[PDB]
Amino acid sequence: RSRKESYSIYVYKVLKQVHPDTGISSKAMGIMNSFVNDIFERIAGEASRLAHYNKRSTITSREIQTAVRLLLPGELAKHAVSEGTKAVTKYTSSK
Amino acid sequence: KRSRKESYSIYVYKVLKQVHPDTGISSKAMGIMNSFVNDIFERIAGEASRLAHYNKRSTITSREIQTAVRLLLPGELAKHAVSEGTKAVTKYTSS
Amino acid sequence: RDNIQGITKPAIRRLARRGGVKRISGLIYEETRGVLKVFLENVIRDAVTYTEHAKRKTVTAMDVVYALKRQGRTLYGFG
Amino acid sequence: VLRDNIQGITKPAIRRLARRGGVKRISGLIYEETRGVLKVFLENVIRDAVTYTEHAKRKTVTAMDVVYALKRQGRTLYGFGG
Amino acid sequence: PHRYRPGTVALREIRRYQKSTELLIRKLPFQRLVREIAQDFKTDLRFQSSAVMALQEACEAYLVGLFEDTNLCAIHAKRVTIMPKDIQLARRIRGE
Amino acid sequence: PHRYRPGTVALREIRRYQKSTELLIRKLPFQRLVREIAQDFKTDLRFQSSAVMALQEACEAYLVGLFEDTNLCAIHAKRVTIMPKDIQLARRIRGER
Amino acid sequence: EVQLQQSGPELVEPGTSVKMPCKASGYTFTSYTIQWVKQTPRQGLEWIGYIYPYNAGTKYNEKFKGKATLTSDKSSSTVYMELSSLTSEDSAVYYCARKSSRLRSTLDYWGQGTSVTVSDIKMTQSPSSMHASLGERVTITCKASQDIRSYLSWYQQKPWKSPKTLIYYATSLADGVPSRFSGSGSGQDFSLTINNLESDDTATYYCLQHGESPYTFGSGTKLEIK
Amino acid sequence: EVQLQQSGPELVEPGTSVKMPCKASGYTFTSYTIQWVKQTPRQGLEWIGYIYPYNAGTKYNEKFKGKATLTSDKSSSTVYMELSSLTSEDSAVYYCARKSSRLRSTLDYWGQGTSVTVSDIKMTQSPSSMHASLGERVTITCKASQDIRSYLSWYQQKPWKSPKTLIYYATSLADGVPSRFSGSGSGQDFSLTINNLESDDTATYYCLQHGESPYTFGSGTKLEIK
Amino acid sequence: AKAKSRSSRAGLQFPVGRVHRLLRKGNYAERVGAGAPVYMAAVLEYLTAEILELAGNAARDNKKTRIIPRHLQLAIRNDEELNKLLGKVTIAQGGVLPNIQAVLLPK
Amino acid sequence: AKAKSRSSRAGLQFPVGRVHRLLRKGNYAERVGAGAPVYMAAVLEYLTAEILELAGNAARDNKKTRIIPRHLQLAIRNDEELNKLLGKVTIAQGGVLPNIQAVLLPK
DNA sequence: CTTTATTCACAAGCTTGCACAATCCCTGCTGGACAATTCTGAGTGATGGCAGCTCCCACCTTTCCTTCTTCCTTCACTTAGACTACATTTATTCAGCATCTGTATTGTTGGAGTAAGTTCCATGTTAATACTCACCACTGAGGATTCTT
DNA sequence: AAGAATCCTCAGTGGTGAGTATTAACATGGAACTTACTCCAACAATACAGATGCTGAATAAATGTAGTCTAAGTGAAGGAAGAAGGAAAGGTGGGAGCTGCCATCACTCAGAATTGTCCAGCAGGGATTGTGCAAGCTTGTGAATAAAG
């Protein structure tokens, strides 16, 4: 066979973090995997276009922050920017 | 000392003088033509990139461009564009 | 091969009841069959193009998902 | 500091935009609705253009940023670059 | 006997089919329709079960959304019955 | 004196403005509106002339196309006067609401 | 797949009008123009006009303006032709032909032809008629008056049958046409070459331009086998 | 930009009903819920319910169910609050507050509040009232009866003024709030720290949980300087 | 030194390394700036957590322990920002919102 | 060593070399075969030729000898295919197609 | 004709009994992290200059406010038929089983085809240039329109 | 049926100035050429999963009938929008100055790719439960009919 990867264990870890009594079905896991892949493609494509517009050959967290400000609506974008900034600060402050 | 911009305004004029010898063009219409050629280039190239990524291939060939033309362009437009691309590739791989 | 009559009158009635339609005219069903045929041809043509590019003789769910997507009709839950 | 400039989109301008759209009769409450719709569209496009400008570390909004904003919202505009 | 006035069972059907999530077209006629439509593009090609299932989910969702816009057009025309002109207007505004 | 019936001038205005190509809104009020709207996002911004020009063609094309959809909604309701309910229905079907 | 249904033969007394339908099936009806041509023994094929159902846009020949009007019905997928004031020289076979809005495309599919019976670029074809054996090569020349940028088409017509498209864009093969037929030439000089013949090549061959606004057919070359 | 306009005070006879407007501006009205909080000097602040103008979705507290009715009008961007069968314990200040539909978001912008006069999980705040100098450190505890996923907010209220949002998500600072204030803690133990004092900080500080369906405020601390 | 991962360095659940590999091989840019996968993974984890929390709340109000795609559809369509993000998105076996127009009701 | 650019070898006017460079630098794939810019330049040249010829015909039936964006809009919007390709596209200074609904005409 | 007690049918809630999918556990294995080196691309500064402001003006076209008329919208009735609701008959689908074979996938090999580096020269961009086309002014004919005939 | 003043739009003219097409200067990027490496056709095998067929019980679809209620046509009344004139006010095009900011250039230095190793996290397969689906029973409720005032 051929080892196809997904986000099922990651989405399940997030679900047991925010709801430590609530399970999920296989179909809802497929919906969640499609959602994560679709949003990944949208943010990565917007960041790629942002890097291409400014004659840049790298994608940094500034491009990802601007892309998140573009695709996501208002408070969704604000909280996602806060989460991303917090994670990048924690990653830099701890190797 | 400022750098130079590049466009399709020279080749579009050559195609115009082929299809209409006694016919000029305004600068605004040339801007529309440049935007059109750029838009169709990004559409076909992105479509072909997605086609190569879906099939786990690492190169864009003329088969990917042909399939992208078939998917993007409507019927007789796609038929004649496939005809032109096939004739040009046949003419290019003979000299 | 006909088979557009297999999309029967109460099936279109159920699809309209899910859409919130209370009263349905008698000429709705043929128009709905034509609309469904046009949409199905547009999706299936792109799915078969994606299948033929892969040198395959089988239309997979991935080809249908890519075809749907290209029309701005992204479908979740099939990979 | 500008204030109350949506009233500068006058009633004859909205009537001309309706005539180009093929409209024969226009009600009196159409104009305020059109001002609100044009305002909402303008804040969406201008917000995306200002985001594209601030990513480029510029204080000047260019036409190319407006073109990328319009392309982003599915309203691709020809003849202004790109 | 007992008989409901018109519009009562219709509203009951609206509530019932908006409460549930199961598909409303039978699977075999849709499979035959998909195969015959694909016959014009390919002479002899097979179909995954998931492919037909994804096609059915997408087609039913499209038809439900178009019937929502059709009902909105019918209500805007001061009617409660949907006509083919409402479908044509909704598909014209949608760009189809 | 001499007067035209209602709808006669309104049809010649349709025939006049559909064959012309230029902008229908005055340039300076639209530029002031654009600067007023953009001042709520970033202070001391400075647009180019072509940026305001592109914004004006985009807004006028959007408004004209919405007016055709509004006219279709009005004609569907057996009317010739467009109303705010027609604008709301067109924006509802288009996905803008 | 693509069919252009028509009506039967209409016997018509002079003075009144006649209607011809072109009920179309097998394709998206609004995306292709429907063109009407007429055929007489006296002067052969000539183009009457067309009607684009996408915007119902008509364009007629200069000698058929007023004589012929064209309408379309999108709901029934039909195109109707009206001929008014039928004179004596109006007994003809009237054909409707699908043609895409692309300039390269031609009258690829034709109708059966309604027989109506009543009680500019000059096309020069050098061979009026020729005879051939069962295996030799035939060349047909279609030198034109003005310059057409490869917008020439070659058609084969059996007796009492609709014309069949062979060559479009002066070199490209039509759908289903074998590689025996080969178009060549550009500008004003064009030619059709039949490589090896069969018993089915006994037919009349026409060349049609669509580079200018009035489309003109060829004089017609009759090819008879053995 | 964002403001929530509320009416003046009401002198109501008991047994009647009173309407309360919450006219809103400066933001997209449908994308944010409007919450209603009642404030008495004996029970403190009590969350009543919220209206979502996107789907007109209501949710009420159990002790205000039936007694309070929330409605929305999207044309004038207004939120209406109905109180019927006025009991003598209704002399209170009613605030309407904006809150996004995101779970992390809190009651960020508040209205001025209408003073009406008739003619679960419990937050424990350890200091009821404390005295601090001009440059001391202030630490306020908000021990929770149950577990919340860091869904706690800290508010500051001046006398005869609307509450001001200081801290959301138990650590994040609100818009415009200086970095002297610092929230900390999670789960059931939370704390708010004032770093250095000013004369502005003479206020009452509250903590609100919104991790479960009935939202509960804290008892509040009175902090006065010199 | 025991090879701790980047997600635990950033305090995340979504993989920083897999997101870095997909960004590298996905033909988006010549280089990836190594703080971009941390930001991306944080944004994906936040959106997943918000959707899953709203879906679990919908399942609890529906008195169900498990989340089915109906709960995801009810979570997405009842939120304005989530429905704006996924306006052109079909959720399989999700149904529609219960919504009857006010004119169609009797009296 | 000599002449014969890749456009002249393929019988084109659109630059095969510039299209190859834009395909390489556009971050579409890791490799680009050397038939893809030829096919791509041919398709772009055909589309440019079709739009420019239709716009030249629209200018010719306007007693004009210069293409303005009005002629391009008239060429694009009068075609089923072309309108479909460029259906979500705004042309600056192009106007609209002259049409009035039949119920608005007086009778 | 106006409220109101039966009658009625429907969906909702409660209570077991399973079995299908969900959770978890074991095992390889492959992709991620560590670590040192090399190789850049992108941040600091400093310049030069252009283009975006801001102000002044004088004109005249656009806009706004009144007044009158008309004709379009909205309400109220009437009715005709086309829908809905329902019982009965009928046919079709579903679900499980079994066989079958065409295909999708995995594995290996190697040759064709593409990337990379130098050179250089031919092409494309920019600046300077000379007329062309189309834009107003101005008569001038033709239809279109509202009106008295 | 017809006759007629009356504003509005195309059809030509003539001028000319705005822009477009034409002509050097050069620099940059595309072509020639060679080498190195890796990517994907091309067979070969093999399971597997999509096709086809049967079959007996669910299950919906088809049909015909009765009866309601709704779409649509007609009319009349009223008010809200169009057309027009006269006054006012602001857009526009031109002409400055001023400077703030954008794009260019150079440097270098921190970060990102490279590459080899090694392990630990994740995907696949298999037991293991446990939630919700089904079936049956009771119930509250809304809809529609028959009674009483």
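In the text below, chain A, chain B and the rest are named by the order of the sequence lines, each starting its count at 1.
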Look at the side chain of E:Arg46 and the base of L:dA51, then say whether one donor and one acceptor between them are separated by less than 3.5 Å.
no

Under 3.5 Å, is there a donor on one side chain and an acceptor on the other for E:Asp86 and F:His76? yes

Practice task
Take the angle between the ring planes of B:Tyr11 and J:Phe14 and call it parallel below 30°, perpendicular above 60°, tilted in between.
Solution key: tilted

Distance check: side-chain N/O of F:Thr8 vs OP1/OP2 of K:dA144, anything under 4.0 Å?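 Result: no.
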
P atoms of K:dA87 and K:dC10, separation to the nearest Å: 9 Å

What interatomic distance, in whole Å, is found between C1' of K:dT69 and the corresponding atom of K:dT146?
->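 After rounding to an integer number of Å, I get 14 Å for this pair.
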
>> Taking only side-chain N and O atoms of D:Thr10, does any of them lie within less than 4.0 angstrom of OP1 or OP2 on K:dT63?
In response: yes

*asked:* Check this for me: does any side-chain nitrogen of one of A:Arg56 and A:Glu63 sit under 4.0 Å from a carboxylate oxygen of the other?
replied: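 No, A:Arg56 and A:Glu63 are not salt-bridged.
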
With sugar-phosphate taken as primed atoms, P, OP1 and OP2 and all else as base, the protein-contact string of nucleotides 18-26 of chain K at under 4.0 Å (heavy atoms; B, S, -) is ----SSS--

When E:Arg12 and D:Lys24 are each assigned the nearest nucleotide of DNA chain K, the 5'-most assignment goes to E:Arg12

When you check the side-chain N and O atoms of A:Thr60 and A:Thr58, is any donor under 3.5 Å from an acceptor?
->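 No, because no side-chain N or O of A:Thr60 sits under 3.5 Å from a partner of the opposite role on A:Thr58.
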
Are a donor atom and an acceptor atom from the side chains of D:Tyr31 and D:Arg15 found within less than 3.5 Å of each other? yes

Examine L:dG50: is either OP1 or OP2 under 4.0 Å from a nitrogen or oxygen in the side chain of C:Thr58? Give yes or no.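 Checking L:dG50 against C:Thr58, no side-chain N or O comes under 4.0 Å of OP1 or OP2.
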
Exercise for review: With P as the reference atom in both, quote the distance from K:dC147 to L:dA81 in angstrom, rounded to an integer.
Suggested key: 23 Å

Note: for F:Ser50 and A:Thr58 on DNA chain K, the residue whose nearest nucleotide lies more 5' is A:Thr58

*N or O in side chain of I:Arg6 less than 4.0 angstrom from K:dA33 OP1/OP2*: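 Yes, within the criterion.
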
*Under a 3.5 Å limit on both distances, do K:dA137 and L:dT13 form a Watson-Crick or G-U wobble pair?*
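Taken together, L:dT13 and K:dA137 make a base pair (Watson-Crick or G-U wobble, both distances under 3.5 Å).
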
Can you see if the side chain of F:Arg35 gets near the phosphate of K:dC53 - specifically, an N or O under 4.0 Å from OP1 or OP2? yes

Establish, with yes or no, whether the OP1 or OP2 oxygen of K:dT114 is under 4.0 angstrom from a side-chain nitrogen or oxygen of J:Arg31.
-> no

Whether B:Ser3 contacts L:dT104 is assessed here as follows: a side-chain N or O lying under 4.0 Å from the phosphate OP1 or OP2. Is that the case? yes

- Could you check which nucleotide pairs with L:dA120 in any of the strands shown, counting Watson-Crick or G-U wobble with both distances under 3.5 Å?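 Partner of L:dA120: K:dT30.
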
Between E:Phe47 and C:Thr58, is any pair of side-chain heavy atoms under 4.5 Å apart?
no

Specify the separation, in whole Å, of atom NZ of I:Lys25 and atom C1' of L:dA112.
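Atom NZ in I:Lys25 sits about 19 Å away from atom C1' in L:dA112.
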
Base, sugar-phosphate alone, or nothing: which one does E:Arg16 contact when heavy atoms must sit under 4.0 Å apart?
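Sugar-phosphate: the residue E:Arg16, judged by heavy atoms under 4.0 Å, touches backbone atoms but no base.
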
Who does L:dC8 pair with, Watson-Crick or G-U, both distances under 3.5 Å?
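Its partner is none (no Watson-Crick or G-U wobble pair with both distances under 3.5 Å).
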
For this session: Give the intermediate values and the outcome of side-chain hydrogen bond (donor to acceptor under 3.5 Å, both in side chains) for residues I:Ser7 and I:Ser5.
Result: CA-CA 6 Å; I:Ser7 273; I:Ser5 64; 5.4 Å; no

- Query: Given the rule in the salt bridge (charged side-chain N to carboxylate O under 4.0 Å, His left out) test, do I:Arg21 and A:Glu5 qualify, once you have shown the distances and angles that lead to the verdict?
  - Reply: CA-CA 13 Å; I:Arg21 185 244 300 157; A:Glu5 52 188 35; 2.5 Å; yes

* Should K:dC1 form a Watson-Crick or G-U wobble pair with both distances under 3.5 Å, which nucleotide is its partner? ->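 Base-paired to nothing in any strand shown.
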
Pairing partner of K:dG142, by Watson-Crick or G-U wobble and under 3.5 Å for both distances, is none

For L:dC101, the nucleotide meeting Watson-Crick or G-U wobble distances (both under 3.5 Å) is K:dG49

*Scan A:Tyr10 against the nucleic acid and name what it touches under 4.0 Å (heavy atoms): base, sugar-phosphate only, or nothing.*
sugar-phosphate

